[PDB]
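If you want the building blocks of each chain, they are given just below.
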Amino acid sequence: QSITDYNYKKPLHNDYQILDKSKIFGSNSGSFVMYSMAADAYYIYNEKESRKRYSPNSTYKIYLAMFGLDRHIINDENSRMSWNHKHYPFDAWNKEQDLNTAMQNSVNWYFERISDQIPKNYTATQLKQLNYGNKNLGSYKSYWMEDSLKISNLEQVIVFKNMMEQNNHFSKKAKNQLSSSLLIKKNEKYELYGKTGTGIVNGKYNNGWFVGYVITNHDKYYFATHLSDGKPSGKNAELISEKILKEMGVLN
């Protein structure tokens, strides 16, 4: 929307290391960013592209979930929502949901019902304190879905790490409940957490994301992949992320 709404220019006040992951990206274009807690360092593939801001799509469901927990729209005893009897093109959406099943299947209507109960001024205050991207709420409808709110790949990692790791006004039980909804994989070596995002413009993929974190036995890593062209789906951003983390030794 404005002059600064499409890019992130704040200098990194950290150690960073430039990566080359162009062979894993193949014919897709985009960026990859990772932060290590122990090193307090960032690791960036395609730094310029990583500072370009795009709609977060379904990765913003992370944040609506946190806001929903914070304002007690949902909680740990009950985060169930009944289906409002509208047919969707996948049967996983056509039933009752709780936070876990809604996050796993990316059920838009669950999160829209959360957003509807959230006053605009609280959201504005949260995006400001979080430094969430361009902070542009626009029409305040489904503003995170190919619309006014945009955020860069680098910011997705900075903002998620700071939400989760700083002692802020969000509680530890809300963070833990959000974590459970995001858990994808656990073995003896790691826990992998994350959320896909996929934008569709005129029947085509235009925006792919996978944003998450890994807990290993020595460290904890926040990461995000954005895909801007090629086949830029959430699913593809997830495959690329896991390929990349594997090579770096994060997944063993």
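What comes next is a walk through the structure. (Residues numbered from 1 in each chain as written, not as in the entry; some residues may be left out. Heavy atoms only, no water.)

### Comments concerning the sheet that holds strand β1 (residues 15–19)
Strand order in this open sheet of seven strands is β1-β3-β2-β9-β8-β7-β6, and the pairing throughout is mixed. Taken across any chain shown, the strands that pair with only one partner, and hence form the sheet edges, are β1 and β6 (183–186). Averaged over all pairs of adjacent strands, the angle between strand axes in this sheet comes to 20°, irrespective of strand direction. Of the pairings in the sheet, the one linking strand β2 (residues 29–36) to strand β9 (residues 220–229) comprises eight bridges and is antiparallel in character. Pairing of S36 across the sheet is with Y221, part of β9. Where helix α6 (residues 153–165) meets the sheet, it contacts β2, β3 (41–45), β8 (204–216) and β9, and its direction lies at approximately 150° from that of β9. (Pairing = 2+ DSSP bridges. Helix = DSSP H or I, 4+ residues; strand = E, 2+ residues; numbered from the N terminus. Axes fitted to C-alpha atoms, helices over the stretch in contact; angles between N-to-C directions. Contact = heavy atoms within 4.5 Å.)

### Section: the side chain of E191
Looking at the element boundaries, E191 is found in strand β7 (residues 190–201). Looking at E191, its side chain comes within polar contact range of the side chain of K186, at 2.6 Å. With residues near it in sequence (within four places) discarded, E191 still touches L183, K185, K186, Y213, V214 and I215. (Polar contact = N/O pair within 3.5 Å; in protein donor to acceptor, adjacent residues only side chain to side chain.)

### Regarding the nonpolar core
Formed by 54 residues in total, the largest nonpolar core has its most connected members in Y60, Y63, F67, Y110, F160, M163 and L178. Setting aside anything within four residues of it in sequence, one finds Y110 in contact with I74, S79, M81, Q97, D98, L99 and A102. Judged by nonpolar contacts, the second largest core, of 21 residues, contains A41, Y43, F223 and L245. (Core = buried A, V, L, I, M, F, W, Y, C linked by side-chain atoms within 4.5 Å. Buried < 20%, exposed > 50% of the residue type's maximum accessible area, 1.4 Å probe, protein only.)

### Quick look at the pattern of salt bridges
A complete count under the given rule lists five salt bridges for this structure. In this structure, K220 and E165 form a salt bridge, with 2.7 Å as the shortest nitrogen-oxygen distance. Of the two residues, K220 is situated in strand β9 and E165 in helix α6; the sequence distance between them amounts to 55 residues. Across the pair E191 and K186 runs a salt bridge, and its minimum N-O distance is 2.6 Å. (Salt bridge = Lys/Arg side-chain N within 4 Å of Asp/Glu carboxyl O.)

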